[PDB]
Each structure stands twice: as structure tokens, then as C-alpha cells.
Amino acid sequence: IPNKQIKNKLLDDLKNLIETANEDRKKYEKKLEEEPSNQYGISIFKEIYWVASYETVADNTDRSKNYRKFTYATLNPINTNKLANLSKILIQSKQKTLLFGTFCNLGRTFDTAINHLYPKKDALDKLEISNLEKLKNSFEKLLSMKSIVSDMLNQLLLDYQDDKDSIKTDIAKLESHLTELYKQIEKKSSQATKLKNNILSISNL
Ligand SMILES: N[C@@H](CCC(=O)N[C@@H](CS)C(=O)NCC(=O)O)C(=O)O
């Protein structure tokens, strides 16, 4: 009830969300630094081209390296040794450029929100209870959009291995499944853009 305790509970929660989210970032940065030659078997990177170029997302450029890093943010919880199998399923996606586009976007949107908040994680007390709450619910939701995307792609590995809905034995069903997945993830991506923006809006600091 007394506002000091409310305010401080919120500074506690933001503190913990911000460090948990920083651990995730230290982890996908490290996933890039230790990326082997074959990019964990994600051969789809080679098939994805910048806008009017022969440069792929597999090449050794800053923008290419960042695209794969943000993709590894989104895929961060999947076991590294399953990414080859994940890429084999997705190669069959009719919208893999767009799909991978959204992986990059969730990663980047995420990365921007934590890069903005990490340096301020101990000095959020200048905000007022209303828009400290909005900050916390916004960021926690952002973490959530990206987590769900990770769960969805993890689940696809098991469903495909199980032949669920005949996804393994029927290519047409695999395709519409993958298409539906891309719509789901695309919403999560749009929704993640709004929340990075909300967050940047109310935490100038
Ligand atoms: N449209 C690109 C992806 C664009 C996108 O939304 N992703 C972000 C992060 S991976 C991005 O392009 N960042 C690279 C940049 O902004 O230079 C695609 O279709 O594959």
C-alpha cells in the first residue's frame, strides 16, 4: 500500500528483468563470436540476399553479422545442435526471407530495448509510479513475445519429428503449417516493434 514500497518493488522487478535480459544478450553475442564456419548448419543464411545485392546474410559484413546475431537472439534457447535440423525444415518455407526477416526483427527490437535499459538498470528511480509500471509491463511483454517465438520454433522440431498433421510425410501440409507459423510469428514481431517504441518513449534517461 505505501507508495515507497510499491515504487521500490517495481525498481526490484525491473532490475531483475533487465539483468535476466542482459544474460540473454551476453548469450547470443557469444553465439556469434563462436559461430563456426558453417553457421551451425543454418544454410538458409546463404540463400538470403540484401535488397539489391549479391551479398548474403551468410557473408562477413557488419550488417550480415548483425542479421545473424539478431537471428540467434530469437533462436537463442534452442539447442545449438538442433539448428541444422531447424534449417532443414524451414528451407521448405515459402516465405523464408520474410520469416528470417522477422527473426532478425525480434532480435533487434529486443536488443535495442536491453541496450537502452541495461545502462540505466540501477537508476530508474527518476520515473513516477504510473510510467514505471508501463515500463515494466511493456518490457516483460517484449521478453514474452520473443520467448514465445522460441517455443514455437522449438515445438516445430518435435511436431515435424513426430509427423504431426503429416508435416513430415506430406510437403503440402508442411508448407501451409509453415505459412501459418510465419503469420503467428509476424504478429509477434509487429507487436514487438510497438513495445520497443513504447519503452524508448517513456524512459528517455
Ligand atoms: N527484410 C529483411 C530483414 C529486415 C529486418 O526486419 N530485420 C532486421 C534485423 S535482422 C534488419 O534488417 N536489420 C539489419 C539492418 O537493419 O541493417 C529480410 O526480409 O530478411
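The table for this structure:
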item: One residue from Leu90, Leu106 being crowded, with 20+ Cβ neighbours inside 10 Å and under 30 Å from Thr169 (Cβ atoms); result: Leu90
item: Matching entry among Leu106, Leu195, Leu178, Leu143 (being away from the ligand (no atom under 16 Å from the Cβ) and not aromatic (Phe, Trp, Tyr)); result: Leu143
item: Whichever residue in the stretch 162-177 is in a helix (DSSP H, G or I) and free of Cβ contacts under 8 Å to residues at least 24 places away in the same chain and, among such residues, is surrounded by the most Cβ atoms within 10 Å (Cβ to Cβ); result: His177
item: Restricting the stretch 36-63 to residues that are in contact with an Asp or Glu (Cβ under 8 Å, 6 or more places away or on another chain) and either among the β-branched types (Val, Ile, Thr) or assigned to a loop (DSSP other than H, G, I, E, B) (or both), the residue that is surrounded by the most Cβ atoms within 10 Å (Cβ to Cβ); result: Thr56
item: Subset tally (residues that are touching a helix residue (DSSP H, G or I) at 6+ places or on another chain (Cβ under 7 Å), in contact (Cβ under 8 Å) with a residue 12 or more places away in the chain and either within 20 Å of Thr102 (Cβ to Cβ) or not small (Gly, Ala, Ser) (or both)) for the stretch 51-88; result: 21
item: Residues within the stretch 20-53 that are more than 15 Å from the ligand (Cβ to nearest atom) and among the aromatic types (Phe, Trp, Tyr), tallied; result: 1
item: Close pairs (8 angstrom Cβ cut-off, 6 or more residues apart or separate chains): touching a residue at least 40 places away in the same chain (Cβ under 8 Å) in the stretch 1-26, exposed (fewer than 15 other Cβ atoms within 10 Å of the Cβ) and among the polar types (S, T, N, Q) anywhere; result: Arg25/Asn115
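Every residue, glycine as well, gets a Cβ built from its backbone with ideal geometry; the counts of neighbours run over all protein chains shown. Read-outs: derived from the displayed coordinates by stated rules, not from any lab.
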